[PDB]
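Numbering (the authors' numbering) for the first sequence: -2 to 154, 160 to 432. Quick reminder that beta carbons are idealized off the backbone N, C-alpha and C, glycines included. Inspection log for the structure reproduced underneath, given as structure tokens.
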Amino acid sequence: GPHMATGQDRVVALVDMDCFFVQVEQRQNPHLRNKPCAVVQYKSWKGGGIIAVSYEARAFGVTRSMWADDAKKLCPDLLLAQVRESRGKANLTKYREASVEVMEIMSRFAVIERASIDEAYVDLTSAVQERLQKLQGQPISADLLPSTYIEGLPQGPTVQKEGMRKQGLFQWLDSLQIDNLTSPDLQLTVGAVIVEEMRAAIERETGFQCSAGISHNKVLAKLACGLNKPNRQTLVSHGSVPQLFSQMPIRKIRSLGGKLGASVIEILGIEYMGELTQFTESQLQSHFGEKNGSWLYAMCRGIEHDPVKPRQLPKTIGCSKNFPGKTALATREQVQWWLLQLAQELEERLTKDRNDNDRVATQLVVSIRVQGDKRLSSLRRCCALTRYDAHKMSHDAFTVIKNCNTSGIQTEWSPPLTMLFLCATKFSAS
DNA sequence: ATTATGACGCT
DNA sequence: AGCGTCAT
Ligand SMILES: Nc1nc2c(ncn2[C@H]2C[C@H](O)[C@@H](COP(=O)(O)OP(=O)(O)OP(=O)(O)O)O2)c(=O)[nH]1
Ligand SMILES: [Ca+2]
Ligand SMILES: [Mn+2]
Ligand SMILES: [Mn+2]
């Protein structure tokens, strides 16, 4: 009733760049613009592996994790851009630098949480209060929301998509009470106005288009962002949650797309997010643990409390390379050469990071995979990172992993290594 | 023979 | 600390 918290305290947005690596390549090369196109890593094996796909190419069935040769079967005119290769490995610097461009624009509007290379959460609660006071009670014109969808609308009492979008927006705005500076629906609407402005600034100043979600928490904002892509934003109100969740497969909610979500489905015998409302908090905690149980109990009612952390920079800086099948490293010279290549890339990125961001990493994490292990990582070991020197870092990594070589021969490495990974962690201000 | 990351939870 | 999960 009156004391039942509804999770409507905050306004949170999620801004996600559309097909980001493709847009970076399309900015650089105009010949790729408005084309079916994809970004690939490497080329010799099956044409390279696709990691990003323009919406034109998606219409043909092209997807991430597809080999380029197979994508070309679906889309013979598909255009491809390759990730840069440096020191024998894919180098993603161009996309990291483009990401910094976008994140710095977003940070002008509010403090952001970098959630991935192409997305950030925004806590707009205070910006919304300021804009509401600057308003002084005039309604919000639909002209201020030119790319906004209102999830669940229109409803009740019409042939084109833009017309449907505008009908839903008109229903939403007509139902607004603009006199109540504490109305959550009004707060979300002002949040969407601000996100329109943020997205316009990103496109004006970078050329990049993005989508966004606006809701009361991170999970709903992320979910909202996905509802209308590309180049659109979606408002998910608290009131829209029962209908939205009533046919929402559990796996669509962030953190439930893996084993835990599969267990919710199997143990409870349900399919959709909304079905979770029928269980008590103690029932859910009994199946899924105290933390997960409380999280599920609140989240199936649209409520989630995870804060937008004030963090624009990555917490770790890492370098990794797989050595699949017959390219696995089987000699000491090979292992050392590749550790050096990874360490040289890491030194370059770290030195740039120190100059830009006034911090130094203090811990080096070395991870490997051995042939025959299905796990991502077969072994992780840390050591001290006291100098940004690639030769020292690669020698230290070799020292912490050399006990893995079960070969009696000094020169051979067995079982062969199918992955190397170096990660700099535990930053301190400098 | 998807690949290259990055965050966070558990014990 | 080292391992697992989730994201993609
Ligand atoms: N190296 C590498 N990069 C990846 C992988 N998956 C995604 N990326 C990169 C390429 C994408 O452009 C970028 C952002 O990922 P997203 O999941 O947001 O998709 P994207 O922006 O491409 O499309 P979207 O419009 O958001 O659906 O991350 C991967 O497995 N490996
Ligand atoms: Ca994206
Ligand atoms: Mn993303
Ligand atoms: Mn994607």
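Going by DSSP, name the residue or residues bridged to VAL36.
Translated into the one-based positions of the first sequence, residue 36 becomes position 39. Note: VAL36 sits in a beta bridge opposite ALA49, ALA78.
Which runs of the alpha helix (DSSP H) fall wholly inside the segment 376 to 417 and span at least 4 residues, in chain order? 392 to 403
Reference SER432, options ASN359, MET301, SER144, closest by Cα
As a first step, residue 432 must be located in the first sequence, where it is residue number 430. When each option's Cα is compared against that of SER432, the closest is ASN359.
In the DSSP assignment, find the unbroken alpha helix (DSSP H) run with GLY295 in it and report its ends.
-> Locating residue 295 in the first sequence gives position 293, where the first residue counts as 1. Counting along the chain, the alpha helix (DSSP H) containing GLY295 begins and ends at 292 to 301.
Any heavy atom of ligand 3 nearer than 6 Å to the CB - residues listed
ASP13, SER113, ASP115, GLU116
Where the alpha helix (DSSP H) containing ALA124 begins and where it ends = Against the first sequence, residue 124 aligns to sequence position 127. Its alpha helix (DSSP H) spans residues 122 to 132.
Quiz prompt | Alpha-carbon spacing of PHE210 relative to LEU89, whole angstroms | solution = Here the question's residue 210 lines up with position 208 in the first sequence. Here the question's residue 89 lines up with position 92 in the first sequence. Straight-line Cα distance between these residues: approximately 18 Å.
query = Quick one, which of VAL36, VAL12, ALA392, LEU141 has its alpha-carbon nearest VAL99's?
reply = Looking up residue 99 in the first sequence gives position 102. With distances taken between Cα atoms, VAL99 lies closest to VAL12.
Cutoff 7 Å; reference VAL21; Cβ partners in own chain excluding five residues on either side
For this step, residue 21 is matched to residue 24 along the first sequence. For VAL21, where only same-chain residues beyond five positions count, the Cβ hits under 7 Å are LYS91, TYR92, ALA95.
Looking only at C-alpha atoms, which of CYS72, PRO143, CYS321, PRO186 sits nearest to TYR52?
Counted from its first residue, the first sequence places residue 52 at position 55. The option with the nearest alpha carbon to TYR52 is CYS72.
Is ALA363 near ligand 6, judged by its Cβ being under 7 Å from some heavy atom? Although ligand 6 was asked about, the structure shown includes only ligand 1, ligand 2, ligand 3 and ligand 4 as ligands.
Legend entry - Closest by C-alpha distance to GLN126, when choosing among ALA87, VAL195, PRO154: As a working mapping, residue 126 is identified with position 129 in the first sequence. Of the candidates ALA87, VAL195, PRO154, the one whose C-alpha sits nearest the C-alpha of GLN126 is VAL195.
Q) Three or more beta-carbon pairs under 8 Å between the segment 2 to 12 and the segment 200 to 220, yes or no? A) yes
inquiry  = For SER265, report the span of its alpha helix (DSSP H) as first-last.
reply    = For the purposes of this step, residue 265 is taken as the residue at position 263 of the first sequence. Counting along the chain, the alpha helix (DSSP H) containing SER265 begins and ends at 261 to 270.
* With a Cβ-Cβ cutoff of 8 Å, do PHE325 and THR408 count as a contact? -> For this step, residue 325 is matched to residue 323 along the first sequence. For this step, residue 408 is matched to residue 406 along the first sequence. No, they are not a contact pair.
Next on the checklist: Which complete alpha helix (DSSP H) runs does the segment 309 to 371 hold, if anything under 4 residues is left out?
Outcome noted: 334 to 359
Query raised in the report: Cβ atoms of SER239 and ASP187: under 8 Å apart, would you say?
Result: In the first sequence, residue 187 corresponds to position 185, counting from 1. In the first sequence, residue 239 corresponds to position 237, counting from 1. Going by C-beta atoms, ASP187 is nearer than 8 Å to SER239.
### Message
What I want to know is whether the C-beta of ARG61 ends up closer than 7 Å to one or more non-hydrogen atoms of ligand 4.
### Response
Against the first sequence, residue 61 aligns to sequence position 64. It does: the Cβ of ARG61 is within 7 Å (strictly closer) of some heavy atom of ligand 4.
inquiry  = By DSSP's criteria, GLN235 is part of a beta bridge. Which residues make up the other side?
reply    = By 1-based counting over the first sequence, the position of residue 235 is 233. DSSP output for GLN235 lists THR145, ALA214 as bridge partner(s).
Exercise. Kindly examine ligand 2 and report whether one of its heavy atoms sits closer than 7 Å to the Cβ of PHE17.
Key: Here the question's residue 17 lines up with position 20 in the first sequence. Because some heavy atom of ligand 2 lies under 7 Å away, the Cβ of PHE17 counts as near it: yes.
Three Cβ pairs or more, each shorter than 8 Å: is that satisfied between the segment 264 to 275 and the segment 285 to 299?
yes
Notebook entry, point to check: Using the C-alpha atoms, what's the distance from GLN343 back to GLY85?
Noted result: What you label residue 85 is simply residue 88 of the first sequence in a count that begins at 1. What you label residue 343 is simply residue 341 of the first sequence in a count that begins at 1. Rounded to whole angstroms, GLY85 to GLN343 spans 7 Å at the Cα level.
Quiz item: Which residue's Cα is closest to the Cα of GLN314: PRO(-1), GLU101, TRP64, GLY327?
Solution: Within the first sequence, numbered from 1, the residue matching residue 314 stands at position 312. Cα-wise, what sits closest to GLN314 is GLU101.
Rounded to whole angstroms, what is the Cα-Cα separation between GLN373 and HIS28? Working through the first sequence from its first residue, we reach residue 373 at position 371. Working through the first sequence from its first residue, we reach residue 28 at position 31. Each residue's Cα considered, the two are about 42 Å apart.
Out of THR329, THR145, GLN365, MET301, point me to the one whose CA is closest to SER41's CA.
For the purposes of this step, residue 41 is taken as residue 44 along the first sequence, with counting starting at 1. Per the Cα distances, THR329.
Alpha carbon to alpha carbon, how far is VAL37 from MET63? Give it in angstroms, no decimals. For this step, residue 63 is matched to residue 66 along the first sequence. For this step, residue 37 is matched to residue 40 along the first sequence. Approximately 9 Å between the Cα atoms of the pair.
- Looking only at its own chain, which residues have a Cβ that is under 8 Å from the Cβ of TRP340, when we skip the five neighbours before and after it? Against the first sequence, residue 340 aligns to sequence position 338. Once the five neighbours on either side are set aside, the close Cβ partners of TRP340 are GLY85, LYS323, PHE325, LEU331, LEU422.
Euclidean distance between Cα positions of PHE172 and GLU207 | Within the first sequence, numbered from 1, the residue matching residue 172 stands at position 170. Within the first sequence, numbered from 1, the residue matching residue 207 stands at position 205. Straight-line Cα distance between these residues: approximately 30 Å.
N-terminal and C-terminal residue of the alpha helix (DSSP H) that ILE196 is part of
By 1-based counting over the first sequence, the position of residue 196 is 194. 186 to 208 is the extent of the alpha helix (DSSP H) around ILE196.
The alpha helix (DSSP H) that contains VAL99, what's its start and end?
For the purposes of this step, residue 99 is taken as residue 102 along the first sequence, with counting starting at 1. Start and end: 90 to 103.
When we look at the beta-carbon of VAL161 and count the other beta-carbons within 10 Å, is it buried (16 or more) or exposed? As a first step, residue 161 is located in the first sequence; it is residue number 159 there, counting from the start. So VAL161 counts as exposed.
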